[PDB]
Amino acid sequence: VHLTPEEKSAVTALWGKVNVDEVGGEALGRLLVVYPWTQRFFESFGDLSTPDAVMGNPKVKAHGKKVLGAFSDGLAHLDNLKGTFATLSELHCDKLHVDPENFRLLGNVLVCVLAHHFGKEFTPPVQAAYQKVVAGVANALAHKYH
């Protein structure tokens, strides 16, 4: 990832204020609603049969928080997303066999939640910069396939 210094400062000025509970629940719930094939990764979590069921689901909510913590770390290490994510790459690729496309799609969902939460401060350039971050994190997650 390269961010312009104007992009960079903005991107992290905004992350400072992110509610991980709201953003994490919204992001992961919306993945499973918008892209329902993804549910077959979380059969364990229980009831995922409707949007209310997915969104209220406490394990869905709790796992989104953890997902966001990882992105929080990606953020604090944009120079080496590939090392930051090396072990998560091994988990999702070697063991979970998550399709790399789903990494992209969660990324894109995360972006549209942030437009939803960053409000007026979510300008075209701030949007461009977060799309780069979640694309780099996606590529880094899929690294054990490459």
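For the two forms, the rigid core is made up of the largest set of C-alpha atoms that agree within 1.5 Å on superposition. The first residue of the shown sequence is 1; numbering continues from there.
Relative to the displayed structure, the C-alphas of 113-121 lie farther away on average in 4 other deposited structures of this protein than those of the other candidate, with 99-107 and 113-121 compared after rigid core superposition. Mean CA temperature factor is higher for 76-84 when stretches 95-103 and 76-84 are set side by side in the entry. Stretches compared: 122-130, 5-13. Higher mean C-alpha B-factor in the entry: 5-13. If you compare the C-alpha temperature factors of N108, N57, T50, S89 in the entry, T50 comes out highest. Ranked by Cα temperature factor within the chain, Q39 sits in the middle third according to the deposited record. In the PDB entry, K61 places in the middle third of its chain by CA B-factor.
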